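What follows is one chain in structure tokens, specifically the form deposited in one PDB entry.
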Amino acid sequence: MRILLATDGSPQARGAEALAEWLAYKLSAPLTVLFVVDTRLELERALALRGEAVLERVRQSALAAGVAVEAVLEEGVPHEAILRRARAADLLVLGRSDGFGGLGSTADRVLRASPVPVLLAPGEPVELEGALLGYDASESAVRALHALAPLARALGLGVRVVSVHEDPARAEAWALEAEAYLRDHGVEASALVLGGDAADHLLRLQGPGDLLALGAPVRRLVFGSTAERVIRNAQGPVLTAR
């Protein structure tokens, strides 16, 4: 399992960088760190001088942590490079820093065409104590379900499945289908059947210590969707898939 960390050196990305090194550490997986000198913005040597620095900073912080790491410097449009590099990965980790969920234009573009799940980390690091899954049995929820299972299993996290619908019978079938799958993959889980507003529940249910997984399909990558409000207001790490 190969992890890809895309960081822009900023302080807001410190969380993502930290969460990637920890994940690589736990999962015992190799880690690739990518800095993309935004050529768009001579003085370029300045934007490029820092990138190398940001890399060595992150690179050795991991080398020390005992994580197989490789640093990669590149120049050009960030999301373009991030998306290309993602094909050689299984999990993509980004630092939060109006675009989707206020993640900015770059992170916004990545989420729109990433070949793999995308982990959105909060600014301030933290310890993963649990996990949850927003599930409605839609294609992107299924991918989120499948992406979450191995991570939950390896990190020892129980998973609270969260289904929301006007009809409790529909929502119960979804929650159970997903709970069954997680159990069939060695994950401890429960099914929460609720009504009302999905984003409210998910935001209520997730503390800074919880990893929330949810599908984020292109048709719901617009301001106002459930996924959009969750990611924008998420307190802890969010795992998305399409």
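Heads up, when I say rigid core I mean the largest set of C-alphas that superpose within 1.5 Å between the two forms. Quick note: we count residues from 1 along the sequence shown, nothing fancier.
Quick note: we don't show the form solved in complex with a small molecule, though the next part is all about it.
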| item | value |
| --- | --- |
| Partner proximity in the bound PDB entry: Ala198 to the small molecule, non-hydrogen atom cutoff 4.5 Å | yes |
| Interface membership of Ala107, the small molecule in the bound PDB entry, 4.5 Å heavy atom rule | yes |
| Heavy atom of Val218 within 4.5 Å of the small molecule in the bound PDB entry | yes |
| Close approach of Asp136 to the small molecule in the bound PDB entry, 4.5 Å, heavy atom | yes |
| Contact segment among 124-132, 160-168, 83-91, 146-154, judged by heavy atoms lying within 4.5 Å of the small molecule in the bound PDB entry | 160-168 |
| Heavy atom within 4.5 Å of the small molecule in the bound PDB entry - the one residue of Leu211, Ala175, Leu182, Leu214 that qualifies | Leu214 |
| C-alpha of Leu221 off by 2 Å or more between this form and the one not shown on rigid core | yes |
